[PDB]
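Protein chains in written order, with PDB author numbering: chain V, 1 to 47, 56 to 105; chain E, 2 to 210. Just so it is clear, CB atoms sit at the ideal spot from N, CA and C, and this is done for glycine as well. Notes follow the structure.
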RNA sequence: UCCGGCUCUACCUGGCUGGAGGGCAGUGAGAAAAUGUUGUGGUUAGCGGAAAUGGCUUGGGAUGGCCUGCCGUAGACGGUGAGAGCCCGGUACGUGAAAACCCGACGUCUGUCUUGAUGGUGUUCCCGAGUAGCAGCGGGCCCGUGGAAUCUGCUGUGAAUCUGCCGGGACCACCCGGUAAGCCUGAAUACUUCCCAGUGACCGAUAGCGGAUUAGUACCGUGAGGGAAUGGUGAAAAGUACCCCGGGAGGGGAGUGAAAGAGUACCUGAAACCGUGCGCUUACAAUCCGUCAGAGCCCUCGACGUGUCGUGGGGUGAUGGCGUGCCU
RNA sequence: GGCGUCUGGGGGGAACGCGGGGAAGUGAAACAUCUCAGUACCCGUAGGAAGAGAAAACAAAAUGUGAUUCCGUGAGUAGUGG
């Protein structure tokens, strides 16, 4: 899906346009991902509830995978025909990311 | 008699064609051209529209209640038009829209159209759009920029010369054609028309005999 | 073509019964089974796949406008917080199958003609029998019993084999064509329960399949059988934490949110219908309920002057005249 | 006929096919012959397609055609018909 948990991303669209972020979880069945520090919502939880500021899911087509060189870059797929993997790869450099 | 200069992508001219007089000095008959394009569009149009009348719907084949004594009106099926769920009456049906325009009216249309463009100097010729056997749309686009500035344009390239087709296909305005299926709507919708020389020769020695 | 033996038999011939090189053909309708190679041949999962975090402004959000670049064998389509060729999914294009399945391809395997043919010459024999034909009732052929052939069904009767027989619209003679009553035969043709991919001058929740919602369900009927209704919050639930009235429902503040004239009875939110306020009018009057004249009061625009007529306009409208709903 | 063994068939299906049976309301301004229709429906059996199919055929003196089927025309004609 060109994003996995543990990757790092750059936000495009929203009030939080221009934000780095770490991916925490993804929801591939609906193309949405919960990035850290973005989409802050003041959820009410009643117990002893409280107005608490939590994350919410971006849609995955509002984030570019940050290049290993620290710039927003696309990603693509070579093959290491020996090992038979399909490595996710930037389309500026060609490196392993 | 109108003359055309072939044109090259590399920035030169090869030769000149001396177009016929009778194909390309016909006077247009606007009613004729109207009729024929209307026919083309009609035959394009497919008749996928059908509805279920009173005799194809579900049920209704029982007189729902008495004729008399009830108080209410008289009814013979629960699927008649005036009900809610009932049959369409005079509905659409799957039908054909083609109409049989003759060969002479058609060809008269096409010749008159090509004349309308020729007199106004919108028929350009060309040997090719490309260098050898490798499509590149940037080439054809630059060449049409050299040769033309209008929005829309027609291209007539034969079957074997697939590279020009594959090249110019993706452009916004262009609408490519083979001269064996040369028609009238596709001509008139345009502003300029780019023939290949093979195409002209085929067209002319196919019609003229 | 060579021979093995056979023509009852040893011997000359003619004719069989065997094997052999060979040829032909093959899963054919013309006999039939499996065999193993086998084609980037096809189907049954998929995969890569070009190019802008571009600049100013608006806005909650830019995918908009304007200005700058690029790709293009890819500007088809869709989605993404508002119309996205350059975000995403994917397209043009090229790739891909251990196994199974289908096409042929082969080599097996199987037969099969090979011991043979071209022509000569005068006469006997055979050429599909309860049938063809004829008569009686009937069907269907353009043809309704008509002069009515051909094709036929049931009964009854019932012939010949080539100078034979059946037809050429009654029938007869001549000529013509053809050789019944034994059998198989592909391709063109018709069709879609299901499956795959798309198109639409087709519908868009009283439409379209009866069924966008648990739908042949609920409900009805003993039973066969009939047979409905209900789509939309917003960009994401951030679905109102907390306080006050109340038993609770429900609500008011405080909040979220771009907007709560978006609150899980939620896009917009008409009319009928139900009411609350403000102005005029209405309790001595006979009203298809209106129209023409119009007093009086209230609102308004404008020229002026301490309030005031006007090439005015609008709501009500005392009172007078006229006036017998709409359709078929 | 009884006993044992071996192989088949048995039912479902949306249409399409072939053989058989087989109506009526309707039209005729009534109606029975006729028509509606050999339709609907029912039966028996199939196949991926079926059935038909190699002349006991056409034709008209033309020195002609050469299995069958399905499409276009001939033709709404020659004709048939209370």
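Terminal residues of the alpha helix (DSSP H) in which residue i lies
i, result
"residue 187 (chain E)", "186 to 189"
"residue 6 (chain E)", "It is not in any alpha helix (DSSP H) - residue 6 (chain E) instead sits in the beta strand (DSSP E) that spans 4 to 6."
"residue 198 (chain E)", "198 to 208"
"residue 105 (chain E)", "104 to 120"
Neighbour-count burial assignment, residue i, 16 or more Cβ in a 10 Å radius
i, result
"residue 129 (chain E)", "buried"
"residue 85 (chain V)", "exposed"
"residue 59 (chain V)", "exposed"
"residue 41 (chain E)", "buried"
"residue 145 (chain E)", "buried"
"residue 59 (chain E)", "exposed"
"residue 80 (chain E)", "buried"
"residue 124 (chain E)", "buried"
"residue 98 (chain E)", "exposed"
"residue 49 (chain E)", "exposed"
"residue 24 (chain V)", "exposed"
"residue 91 (chain V)", "exposed"
"residue 206 (chain E)", "exposed"
"residue 197 (chain E)", "buried"
"residue 3 (chain V)", "buried"
"residue 2 (chain E)", "exposed"
Of the listed residues the options, nearest to residue i (C-alpha basis)
i, options, result
"residue 162 (chain E)", "E:37, E:87, E:147, E:180", "E:180"
"residue 174 (chain E)", "E:205, E:201, E:141", "E:141"
"residue 157 (chain E)", "E:139, E:115, E:30, E:137", "E:115"
"residue 256 (chain E)", "E:58, E:122, E:46", "Outside the shown range of chain E (2 to 210) lies residue 256 (chain E), about which nothing can therefore be said."
"residue 101 (chain V)", "V:94, V:11, V:83", "V:83"
"residue 19 (chain V)", "V:98, V:74, V:92", "V:74"
"residue 136 (chain E)", "E:171, E:4, E:17, E:153", "E:171"
"residue 113 (chain E)", "E:22, E:10, E:17, E:167", "E:22"
"residue 11 (chain V)", "V:28, V:43, V:56, V:39", "V:39"
"residue 29 (chain E)", "E:209, E:75, E:195, E:119", "E:119"
"residue 80 (chain V)", "V:8, V:4, V:1", "V:8"
"residue 27 (chain V)", "V:105, V:67, V:47", "V:67"
"residue 96 (chain E)", "E:45, E:83, E:73", "E:45"
"residue 1 (chain V)", "V:44, V:72, V:41", "V:72"
"residue 86 (chain E)", "E:160, E:151, E:61", "E:61"
"residue 65 (chain V)", "V:47, V:35, V:44", "V:35"
"residue 5 (chain V)", "V:15, V:22, V:16, V:76", "V:22"
"residue 13 (chain V)", "V:98, V:96, V:87, V:69", "V:69"
"residue 33 (chain V)", "V:15, V:98, V:91, V:63", "V:63"
"residue 38 (chain E)", "E:13, E:167, E:47, E:188", "E:188"
"residue 16 (chain V)", "V:57, V:99, V:41", "V:41"
"residue 6 (chain E)", "E:178, E:167, E:126", "E:126"
"residue 138 (chain E)", "E:168, E:208, E:209, E:182", "E:168"
"residue 64 (chain E)", "E:78, E:73, E:72, E:183", "E:78"
"residue 192 (chain E)", "E:199, E:202, E:134, E:151", "E:151"
"residue 208 (chain E)", "E:154, E:159, E:105", "E:105"
"residue 147 (chain E)", "E:186, E:195, E:185", "E:195"
Residue i: CB within 7 Å of a non-hydrogen atom of the ligand MN
i, result
"residue 25 (chain V)", "No copy of the ligand MN appears in this structure; indeed no ligand is present at all."
Extent of the continuous beta strand (DSSP E) run through residue i
i, result
"residue 85 (chain V)", "83 to 85"
"residue 105 (chain V)", "Segment: none, residue 105 (chain V) is in no beta strand (DSSP E) and carries neither H nor E."
"residue 126 (chain E)", "124 to 127"
"residue 62 (chain V)", "58 to 62"
"residue 96 (chain V)", "96 to 98"
"residue 73 (chain V)", "71 to 73"
"residue 178 (chain E)", "176 to 178"
"residue 44 (chain V)", "41 to 45"
"residue 24 (chain V)", "20 to 27"
"residue 91 (chain V)", "Looking at the DSSP string, residue 91 (chain V) is not in any beta strand (DSSP E), and its letter there is neither H nor E."
Given 8 Å, three or more beta-carbon pairs between the segment 50 to 70 of chain E and the segment 84 to 102 of chain E | yes
Could you name each continuous beta strand (DSSP E) segment of 3 residues or more that falls completely within the segment 53 to 87 of chain E, going from the start of the chain to the end?
-> The DSSP assignment places no complete run of the beta strand (DSSP E) inside the segment 53 to 87 of chain E (cut-off: 3 residues).
What alpha helix (DSSP H) runs, 4 residues minimum, are completely inside the segment 143 to 172 of chain E?
-> With a minimum length of 4 residues, the unbroken runs of alpha helix (DSSP H) contained wholly in the segment 143 to 172 of chain E fall at 163 to 169.
On the three-pair Cβ rule with 8 Å, is the segment 33 to 45 of chain E touching the segment 102 to 109 of chain E?
-> yes
Only counting runs of 3 or more residues, tell me where the beta strand (DSSP E) segments fall wholly within the segment 3 to 43 of chain E, in order along the chain.
-> 4 to 6, 17 to 19
Does the segment 64 to 77 of chain E come within contact of the segment 8 to 20 of chain E, defined as at least 3 CB pairs closer than 8 Å?
-> No, they do not touch.
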